[PDB]
Amino acid sequence: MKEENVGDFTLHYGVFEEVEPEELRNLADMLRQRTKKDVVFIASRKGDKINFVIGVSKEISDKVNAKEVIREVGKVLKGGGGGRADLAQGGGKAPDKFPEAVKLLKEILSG
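Residues numbered from 1 in each chain as written, not as in the entry; some residues may be left out. Heavy atoms only, no water.

Method of determination, as annotated in the archive: X-ray crystallography, at 1.85 Å resolution.

Undergrad: Residue-level account of the pairing of strand β1 (residues 2-6), with values.
TA: With 5 bridges joining them, β1 and strand β2 (residues 9-17) adopt antiparallel strand pairing. When the bridges of β2 are listed, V6 appears paired with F9. Counting the residues in the hairpin turn of β1 and β2 gives 2 residues, including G7, whose phi is positive at 60°. (Pairing = 2+ DSSP bridges. Helix = DSSP H or I, 4+ residues; strand = E, 2+ residues; numbered from the N terminus.)

Undergrad: Go over the nonpolar core, please, and point to the residues and values.
TA: Counting 25 residues, the largest nonpolar core has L11, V39, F41, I54, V64, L105 and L109 as its most contacted members. Within the residue set of this core, elements represented by two or more residues are β2, β3 (38-46), β4 (49-56), α2 (66-76) and α3 (98-110). Counting 6 residues, the second largest nonpolar core, distinct from the first, contains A28, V40, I42 and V53. (Core = buried A, V, L, I, M, F, W, Y, C linked by side-chain atoms within 4.5 Å. Buried < 20%, exposed > 50% of the residue type's maximum accessible area, 1.4 Å probe, protein only.)

Undergrad: Got a sec to walk through a positive patch on the surface? Specific residues and values, please.
TA: A contiguous patch of positive charge, built from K58, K67, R71 and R84, is present on the exposed surface. Here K67 lies in helix α2. (Patch = residues over 30% accessible without salt bridge, like charges linked within 9 Å, V, L, I, M, F, W, Y side chains within 5 Å. Areas by Shrake-Rupley, 256 points an atom, 1.4 Å probe, with all protein chains shown as cover. Salt bridge = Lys/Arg side-chain N within 4 Å of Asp/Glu carboxyl O. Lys, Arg positive; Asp, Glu negative; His and termini not counted. Charge placed at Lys NZ, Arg CZ, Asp CG, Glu CD.)

Undergrad: Residue-level account of the sheet that holds β4, with values.
TA: As summarised here, the arrangement of the 6 strands in space is β1-β2-β3-β4-β6-β5, forming an open sheet in which the pairing is mixed. Single-partner strands in this sheet number two, and they are β1 and β5 (82-83). Set on the sheet, helix α1 (residues 21-31) makes contact with β2, β3, β4 and β6 (87-92); between it and β3 the angle comes to about 160°. Across the sheet, α3 is in contact with β1, β2, β3 and β4; its angle to β2 comes to roughly 170°. (Contact = heavy atoms within 4.5 Å. Axes fitted to C-alpha atoms, helices over the stretch in contact; angles between N-to-C directions.)

Undergrad: So, the pattern of salt bridges: which residues are in play, and what are the values?
TA: Within this structure, the stated rule accounts for 6 salt bridges. Between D29 and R32 there is a salt bridge, and its shortest N-O distance comes to 2.9 Å. Residue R45 is joined to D96 by a salt bridge in which the shortest nitrogen-to-oxygen separation is 2.6 Å. Taken as a pair, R45 in strand β3 and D96 in the loop between β6 and α3 lie far apart in primary sequence, 51 residues in all. Given a relative accessible area of 59%, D96 falls into the exposed group. Through salt bridges with shared partners, one network takes in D29, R32 and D86.

As C-alpha cells, then:
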C-alpha cells in the first residue's frame, strides 16, 4: 500500500488479495493509530467481490467522517458500508473500481 498527503491529512491506501474482512478491519484500526491526521482506506479483493474499510485518527473524526465517506467510496465499488465516525466498513461487487474509489476519496479529502 501507498502513502500520500492530501490537504491536512496523510492518506494510506491499498488493495490486498484474499485478506479476511475482520483482519482488514484490524489492520486499518492499527494504521490510524499512527499519527493524529491519518486516513486509511484499504480493501481486500476476493475474486469478484471486494471488502473495504475506512479508518481515521480519532482526532480528525469530525473532519473526516468515516460514516459518510464509507458510503461514498462504497457507491463506486458497487457496495455499501456503515460504522462509526472513526472506523467504518463495507462490501461491494466491483473490485476493479478501487483506483476510481481512491481518486474520489482524495477529492473528498481535498474538498
